[PDB]
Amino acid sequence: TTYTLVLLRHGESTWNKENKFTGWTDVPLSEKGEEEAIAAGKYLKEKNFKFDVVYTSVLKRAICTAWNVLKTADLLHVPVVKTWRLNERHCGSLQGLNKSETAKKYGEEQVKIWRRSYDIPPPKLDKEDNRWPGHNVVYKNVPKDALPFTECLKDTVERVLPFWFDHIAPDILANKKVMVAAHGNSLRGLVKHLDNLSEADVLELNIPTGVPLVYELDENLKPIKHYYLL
């Protein structure tokens, strides 16, 4: 028995261009970022990949990538399920700030720790901060104390896992063809469990943008292999 799982990281956003920390900030794809999702959709169509369900975040840049893939591949009827659990890693009080001004405010050494470490997060938001996800209507049905004030990669890995165990994985076991269209850090959390990686290994893992990552899994969901369609 072989199941097939496809992971896809969204392309460039407008804030990647302006050199700002994004996190849960809901910024759009750039034109190039849209172009990547379309190209990803071609490669999947060219290899005749089909899907019974698409999982993505509640952030437009991921959602739009999912949409462009399904449109390009002629699979618009496929249900799309959107969850905050697949959101990008939250960047705390860094969200919105220029990456350079931060590197001269806190120093480049401290800023590097917050980006590259596994378990040391950036400084928290207060709940009175306008960037606190609890103020955003997008999250009105979610209990507000489930929402982060800040995240390290470990936090992201821990919030993605219940969604893997409760929705994605059961669908795979039911013989559904799943695509996960999400963000680097949330996808790294999925990959960490899939291949049972150490902290060192997940930190060295870089998932390229707009390139479908295909996992073949056995009856127990142990990876038989993985590869990129490029």
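So that there is no doubt, residue numbering starts at 1 and follows the sequence shown.
Averaged over Cα atoms, the B-factor as recorded in the entry is higher for 100-108 than for the other of 100-108 and 146-154. In this entry, 44-52 has the higher mean Cα B-factor, the comparison being between 44-52 and 163-171. Of all the options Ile120, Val137, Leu75, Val80, the entry's greatest CA B-factor is assigned to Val137. Residue-level temperature factors show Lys177 in the middle third of its chain, judged at the C-alpha atom. Ranked within its chain, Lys32 lands in the highest third, by CA B factor from the PDB record. For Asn141, the recorded CA B-factor ranks within the highest third of the chain. Only modelled residues enter the ranking. Among all modelled residues in its chain, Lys17 ranks in the highest third by Cα B-factor. Residue-level temperature factors show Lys60 in the middle third of its chain, judged at the C-alpha atom.
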